[PDB]
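Here we start with a single chain on its own, the form deposited in one PDB entry, put down as structure tokens.
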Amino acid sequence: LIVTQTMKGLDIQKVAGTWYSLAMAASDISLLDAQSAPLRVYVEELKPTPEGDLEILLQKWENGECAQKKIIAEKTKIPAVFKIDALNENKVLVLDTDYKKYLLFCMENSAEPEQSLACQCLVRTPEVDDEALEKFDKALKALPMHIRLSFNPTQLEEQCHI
């Protein structure tokens, strides 16, 4: 479990709603560097199902356009860890959230050689929250990141943060 912080006592029903991907980092550059890069994903809405799973709406750049998408992260025995099913098993971990303002998460291909890893700082409103980027920088000091992006209020409101 390379990522070593997780949210204790995560109540998943309280992260429902609207989110902005204020920041992103990844273990290598090709994962985030272009607008089409594999894990350049912008989060729009989180929707926990009754059964404790988590529906995810995001935006991704695709055939020259910003495309809305739907992904379900299935719950696990561990409340802060969820599993996404594509050709591979990708865990999603919630490090910290205060529900009302911010939420940090990482996601890892387990266990791709070396190992690939992307994290994000979600915030509830289009505002550079000084405080939630502290916590996001702190959480990643341990982790090996090599690209780090952040957006301003203008891009937060456009599709695909253009």
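C-alpha atoms forming the largest set that superposes within 1.5 Å between two forms make up the rigid core. Note that residue numbering follows the sequence shown and begins at 1.
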Notebook entry, point to check: Would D96 be found without coordinates in at least a third of the other compared entries?
Noted result: no
Next item on the list: Please report whether at least a third of the other compared entries leave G52 without coordinates.
Entry: no
Check: Out of 54-62 and 94-102, which one has CA B-factors that are higher on average in the deposited record?
Finding: 54-62
Note to self: So, looking at the entry's B-factor column for Cα atoms, which has the higher mean, 41-49 or 120-128?
What the structure shows: 41-49
Notebook entry, point to check: With respect to C-alpha B-factor, does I84 fall in the lowest, middle or highest third of the chain as deposited?
Noted result: highest
Check: Hey, what third does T154 fall into on Cα B-factor, ranked over its chain?
Finding: middle
Notebook entry, point to check: Where does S27 sit by CA temperature factor within its chain: lowest, middle or highest third?
Noted result: lowest
Checklist line | CA B-factor placement of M107, once the chain's modelled residues are sorted into thirds | finding: lowest
Check: Is the Cα B-factor recorded for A139 in the lowest, middle or highest third of its chain?
Finding: middle
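FYI, the form deposited in another entry isn't displayed, but the following is about it.
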Note to self: At a threshold of 2 angstroms on the CA positions, core aligned, which residue out of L54, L93, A37, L57 shifts between this form and the one not shown?
What the structure shows: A37
Check: Once you compare with this form, do the C-alpha atoms of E89 and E62 lie closer or farther in the other entry, given a change of 3 Å or more?
Finding: closer
